[PDB]
Amino acid sequence: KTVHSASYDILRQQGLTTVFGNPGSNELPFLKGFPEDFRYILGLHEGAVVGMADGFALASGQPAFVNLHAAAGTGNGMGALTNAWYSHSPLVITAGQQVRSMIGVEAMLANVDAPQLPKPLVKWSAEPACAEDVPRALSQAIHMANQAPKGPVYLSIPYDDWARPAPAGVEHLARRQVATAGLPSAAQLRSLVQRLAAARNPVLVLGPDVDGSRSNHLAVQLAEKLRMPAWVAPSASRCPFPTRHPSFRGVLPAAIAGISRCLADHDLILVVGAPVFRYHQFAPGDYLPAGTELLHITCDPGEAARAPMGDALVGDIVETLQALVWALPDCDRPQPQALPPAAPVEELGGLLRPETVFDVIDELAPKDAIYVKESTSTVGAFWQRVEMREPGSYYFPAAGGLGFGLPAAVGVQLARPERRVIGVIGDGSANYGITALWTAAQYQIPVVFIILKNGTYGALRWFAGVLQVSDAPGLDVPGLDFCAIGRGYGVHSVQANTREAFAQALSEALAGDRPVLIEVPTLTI
Amino acid sequence: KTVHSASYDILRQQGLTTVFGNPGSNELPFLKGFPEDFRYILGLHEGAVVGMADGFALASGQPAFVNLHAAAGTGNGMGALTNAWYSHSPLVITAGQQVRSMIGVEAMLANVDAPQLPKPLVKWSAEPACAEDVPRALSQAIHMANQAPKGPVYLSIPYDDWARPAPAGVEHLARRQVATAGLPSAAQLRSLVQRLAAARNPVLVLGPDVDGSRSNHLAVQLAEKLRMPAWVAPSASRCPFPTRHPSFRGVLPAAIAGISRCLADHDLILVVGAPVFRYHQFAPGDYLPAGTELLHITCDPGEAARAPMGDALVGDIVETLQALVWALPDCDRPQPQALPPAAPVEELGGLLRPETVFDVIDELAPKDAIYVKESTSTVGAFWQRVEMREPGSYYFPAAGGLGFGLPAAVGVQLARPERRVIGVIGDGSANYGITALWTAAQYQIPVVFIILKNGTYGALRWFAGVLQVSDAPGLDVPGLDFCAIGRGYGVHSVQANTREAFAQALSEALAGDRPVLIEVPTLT
Ligand SMILES: Cc1ncc(C[n+]2csc(CCOP(=O)(O)OP(=O)(O)O)c2C)c(N)n1
Ligand SMILES: Cc1ncc(C[n+]2csc(CCOP(=O)(O)OP(=O)(O)O)c2C)c(N)n1
Ligand code: NA
Ligand code: NA
């Protein structure tokens, strides 16, 4: 037995049998003898590697294993880690290191002070002090990433470690289970029941950990038991509730003053599975309406600690909601009434309007499609127009780090081969993760990649207009041909200029079993 | 006066008037009122932004200014910082931060613990404690990046700072000069002279800081003064010596046993402007030949401290070399004789060999072309076949981080518009920095981008053989059409399958003033 055999035994028994990577010489001794029951997914750039792994871990509900090259490979993946942090993504990131005797002299490919490199975007990082501790360190990595609050971890491994003999006692590691006890106490449950049942007009607010914990159906039961509306917490990264349910109200605005206005008539706000709150725009005002109280249920002690208001309970979301639904009384206030349907937009005679594209998607897509969205000026219209009825149907970068979309679509589609993934990606956002197209071609992962091509960084032009700034450089992205780029990376590509051409292209893509890129020139104002 | 007006005044007076960036909302208050005498170079991904700035700083010999978005933009640029670290590149990296009152709550776009993010790849990192300290902190960043050993620094700026009034006393900052005194003392100089003059058979070994300090001509003078051969230090990132000068001996192998074998006959080794040594492959053996001594001249205290052998002198390389050339006595030993030229490789009639491509480059390229190389299995052949006569003629990623090549070619070409830049890039390496093609097209930066397309991560096949690994996944890169990708980003693109087709494409590219991508299918 070697450090190598012991390590692959640990990965197999813990279920980490898909490796997302881009290889280098320090990693070859790990990749040696790669087992026939494991799968390796090559990305051409590490931002795409990490984002594929992120999508895979989130959609599968299991940890994902990554293998990168030394400091430059780790570095190229670091933007993608910002999103993985706020999505509570359990990524086990390994990077290969020089031989131990060559690290201090700073030989070429030595990753200097390796554990510091990924900080502060990892929950744990190490470089084992000896070859013999590597298998236990890898066990520690997997169980740190997969415990609440879940998140990325990092391990740097000198390449001469793998061939060394495994130590006595290593046989205990592969079978280890780490379980998290997160049910409320009887007193804690009583407090939630008393406060909710006593409220005049409560409201529900739901974040990405409602989807991550598979609590969507429980959230519907909760809303119905208290006859209350349900919103998505601001800066939404996942969809936690069926969007045409009559209690649904949309996504809250990412603004201090905006949330206290939207929720002004409610005496009690219950936030589940989000921070309080991922505000974005500067909009000073009241954190809460006068007389309103807030309750917060979260899996993350740091979310509970940092909130500017409310009483928090930190624990297991699905067990907490199940207990709460059981313990609450029925209510006979009237049921909330549904939001009105979105009207078609006016025909203006220029390029296709995003609203039009979305109406077509809502008509032709399967009702359990999965959407991966990274198109920053069209978010409001998408949520209004594209129904998302089932869990696990939406992914948007949780840190707002662009380059998530194309790679995450490939990883999500790999995790959920029985559903169809449709990416809705801007011309700007596409270029941060463009080589994911190639991985989709090579492995025949049949994402429908829709590129909305408006010629600009539209969301930034909007924000610039708001600040009366007209002199900022760098906001336009002319001269891009995504059909040529798609074909370059091996993906069947088509340009759709009208509503009829777009419908035909989407229909034909959905009917097939290959990736397709659909380039859609769109209106921007 | 505002923090904004004072900061642009500092950048202007210090000479940082080109901004390399990718914008975001936290940066819009900085980019507001961008001055007419500044230039903004947009990159579509931050790895390319930082690589362009890196090339520009190295080729211009001046610091370069970067503006990135928050933590995700900073993160996307961090692979490029590995290279900037080992090339001693003076990059001033700014990243926009949320409004100060929204940082601790972790609002969307808050960069948490920002100064820790780029570590350990920056020599100084800060987030100012108040708006009034932003101008002085920017000055500190500039003067930290540009003092020996030069390197990247990082400043995180909350976006509500820019509009605030500038503090009293700010007017002293823009004019500040920071000079480095780095000449050897009389005793230090005499020790080098005494030792070198007493040696039986000295040898010279030169690294990237010889090119960086503009000491190439002095290195030739020194070699000639001691009638000694000259090598490039291993893991070469720049070219410090004219490669057809008769004392030139090529690049040392990146191997412990290799160096002591190559240099076996020399009693004294003088290493200038490189670490001792950037070994790569694991080839254990003797650090030095028995009886040999090593002298080291470096601009970097860390290089001096970490070396496993030798006596080091840390200071100003160009000033130290000039003092040494002046002080050395006459030497009567015969001059070294030139290396024999490379033999032709016989064409087997099918896909082109890289050696053939390099012979055509050597025939047709201007004799002061600049090469940006990131083609990992073809480095030895390149150095054997493509003459580099002038300073500032070669750039290869100093940390080996791929994605340097396409972006750095663009930045070098921007720094040196009077010379012509030829990028020599593999099919694997191109994809880590591919959006640099777009910036070349948009700004009409006329790089000749040559893509060597062998279908594989060729150098990893070599290392797999060395390490005795035969079943590793992920070594092949089939199914890439770089003419389609080039055209997609706006660059005129042509495929060249034969020696004649490549000559014609290279000649036409060189005769024009637009960027061109030339895709060349090659044998491994
Ligand atoms: C890595 C990274 N760099 C820069 C930004 C800043 N950013 C925010 S929105 C945006 C524009 C995206 O444009 P596009 O995807 O074309 O969508 P549109 O706004 O045009 O709808 C940019 C560049 C970011 N969020 N992430
Ligand atoms: C960012 C990064 N990721 C991975 C590697 C590992 N790496 C070393 S050489 C190499 C292959 C480069 O292939 P190519 O540019 O096609 O050149 P060839 O070896 O085929 O001549 C790779 C992937 C690296 N050095 N940098
Ligand atoms: Na756009
Ligand atoms: Na290659």
Side-chain angles (χ1 to χ4, degrees), chain A residues 21-28 42-49 67-78 95-96 108-109 111 354 374-378 402 425-431 451-462 475-478 480 482 520-524, chain B residues 44 47 51 78-80 82-83 235 280 354 373-382 396-406 423-433 451-464 472 474-478 480 482 520-524:
Chain A
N22 180 263
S25 65
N26 299 344
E27 294 76 37
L28 294 173
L42 176 62
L44 300 183
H45 173 85
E46 296 85 356
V49 178
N67 189 51
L68 309 180
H69 184 248
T74 298
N76 283 350
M78 275 171 78
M108 178 74 141
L109 315 184
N111 183 353
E374 208 170 58
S375 174
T376 43
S377 69
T378 62
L402 307 179
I425 311 295
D427 54 351
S429 287
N431 285 122
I451 313 303
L452 305 180
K453 185 171 84 174
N454 67 7
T456 192
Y457 286 145
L460 294 182
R461 285 205 94 92
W462 170 74
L475 308 184
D476 294 321
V477 291
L480 289 165
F482 290 93
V520 187
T522 50
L523 177 67
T524 190
Chain B
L44 303 176
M78 288 276 296
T82 66
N83 297 137
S235 299
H280 181 160
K373 189 167 179 83
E374 197 174 60
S375 174
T376 41
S377 74
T378 64
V379 178
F382 185 88
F396 181 98
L402 303 182
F404 174 84
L406 296 175
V424 183
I425 312 295
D427 50 355
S429 286
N431 292 119
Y432 300 86
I451 312 300
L452 305 180
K453 185 177 146 187
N454 66 11
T456 193
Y457 289 145
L460 296 186
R461 295 191 164 285
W462 280 68
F463 272 101
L475 306 185
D476 294 320
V477 293
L480 288 164
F482 290 93
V520 184
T522 56
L523 285 170
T524 298

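Just the heavy atoms: all of them, side chains too, but no hydrogens, waters or symmetry mates, feed the values below. Naming convention: chains lettered A, B, ... in sequence-line order (proteins, then strands); numbering from 1 in each chain. Both counts, for ligands and for their atoms, begin at 1 and track the order of listing.
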Looking only at protein heavy atoms, identify the closest one to [atom] and say how far it is in Å.
atom                    : answer
atom 8 (C) of ligand 2  : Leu460(B) CD2, 4.1 Å
atom 23 (C) of ligand 2 : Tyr432(B) OH, 3.4 Å
atom 7 (N) of ligand 2  : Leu402(B) CD1, 3.8 Å
atom 20 (O) of ligand 2 : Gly458(B) N, 2.9 Å
atom 9 (S) of ligand 2  : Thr376(B) OG1, 3.2 Å
atom 5 (C) of ligand 2  : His69(A) ND1, 3.6 Å
atom 21 (O) of ligand 2 : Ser377(B) OG, 2.6 Å

| What pairs with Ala72(A) under side-chain contact (heavy atoms from CB on, under 4.5 Å), at least two apart in sequence or on another chain? | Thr82(B)
Below 4.0 angstrom from a heavy atom of [X], which ligand 2 atoms are there? Numbered from 1 as shown, please.
X         : result
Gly24(A)  : 6 (C)
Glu46(A)  : 1 (C), 2 (C), 3 (N), 4 (C)
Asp427(B) : 16 (O)
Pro23(A)  : 4 (C), 5 (C), 6 (C), 23 (C)
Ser429(B) : 14 (P), 15 (O)
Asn454(B) : 20 (O)
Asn22(A)  : 3 (N), 4 (C)
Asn76(A)  : 1 (C)

| task | Kindly determine whether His69(A) and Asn76(A) satisfy side chain to side chain contact (heavy atoms under 4.5 Å, CB included), including the steps that lead there. | result | CA-CA 10 Å; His69(A) 184 248; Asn76(A) 283 350; over 6 Å; no
Between atom [atom1] of [X] and atom [atom2] of [Y], what is the distance when rounded to the nearest 0.5 Å?
X         : Y         : atom1 : atom2 : answer
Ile451(A) : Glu374(A) : CD1   : CD    : 10.0 Å
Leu44(B)  : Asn431(A) : CG    : CG    : 5.0 Å
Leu452(B) : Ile425(B) : CG    : CD1   : 8.5 Å
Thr376(A) : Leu460(A) : OG1   : CG    : 6.5 Å
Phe396(B) : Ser375(B) : CZ    : OG    : 8.5 Å

| Distance-only, no hydrogens or angles: does the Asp427(B) side chain make a donor-acceptor pair with backbone N or O of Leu480(B) under 3.5 Å? | no
| query | For the side chain of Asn454(B) and the backbone of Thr524(B), is there at least one donor-acceptor N/O pair under 3.5 Å apart? | reply |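 Flag not set: sc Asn454(B) to bb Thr524(B) has no pair under 3.5 Å.
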| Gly400(B) near ligand 2, heavy-atom distance under 4.0 Å? |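 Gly400(B): in contact with ligand 2 (<4.0 Å).
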| query | For ligand 2, is there an N or O atom under 3.5 Å from any N or O atom of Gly401(B)? | reply | no
| message | Please report whether ligand 2 has a polar contact with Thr456(B), defined as an N or O pair separated by less than 3.5 Å (distance criterion only). | response | yes
| request: Start with the C-alpha distance between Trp462(A) and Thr524(A), add both sets of side-chain angles, then the distance that settles side chain to side chain contact (heavy atoms under 4.5 Å, CB included), and finish with yes or no. | output: CA-CA 10 Å; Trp462(A) 170 74; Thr524(A) 190; over 6 Å; no
| Listed protein N/O/S atoms, distance to the Na ion (ligand 4) under 3.0 Å |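 As for protein N, O or S atoms lying under 3.0 Å from the Na ion (ligand 4), they are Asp427(B) OD1, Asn454(B) OD1, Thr456(B) O.
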| query | Between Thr456(B) and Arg461(B), is any side-chain donor less than 3.5 angstrom from a side-chain acceptor? | reply |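 Per modelled atom types, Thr456(B) and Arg461(B) side chains form a pair under 3.5 Å.
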| field | Candidate pair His280(B) and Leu109(A), rule side chain to side chain contact (heavy atoms under 4.5 Å, CB included), full reasoning | value | CA-CA 7 Å; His280(B) 181 160; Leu109(A) 315 184; 3.4 Å; yes
| Is it the side chain, the backbone, both or neither of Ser25(A) that has a heavy atom closer than 4.0 Å to ligand 2? | neither
| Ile425(B) and ligand 2 - part of the residue with a heavy-atom distance under 4.0 Å | neither
| Side chains of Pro23(A) and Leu42(A) in contact at under 4.5 Å (non-hydrogen atoms) |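 Result yes, sub-4.5 Å side-chain heavy-atom pair found.
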| request: Decide yes or no on side chain to side chain contact (heavy atoms under 4.5 Å, CB included) for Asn26(A) and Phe463(B), but give the supporting numbers first. | output: CA-CA 10 Å; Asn26(A) 299 344; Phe463(B) 272 101; over 6 Å; no
| query | Which heavy atom in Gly428(A) sits nearest to a heavy atom in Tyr457(A), and how many Å separate them? | reply | CA-CE2, 3.6 Å
| query | Which atom names give the shortest non-hydrogen contact between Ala399(B) and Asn83(B), and what distance separates them? | reply | N-ND2, 3.0 Å
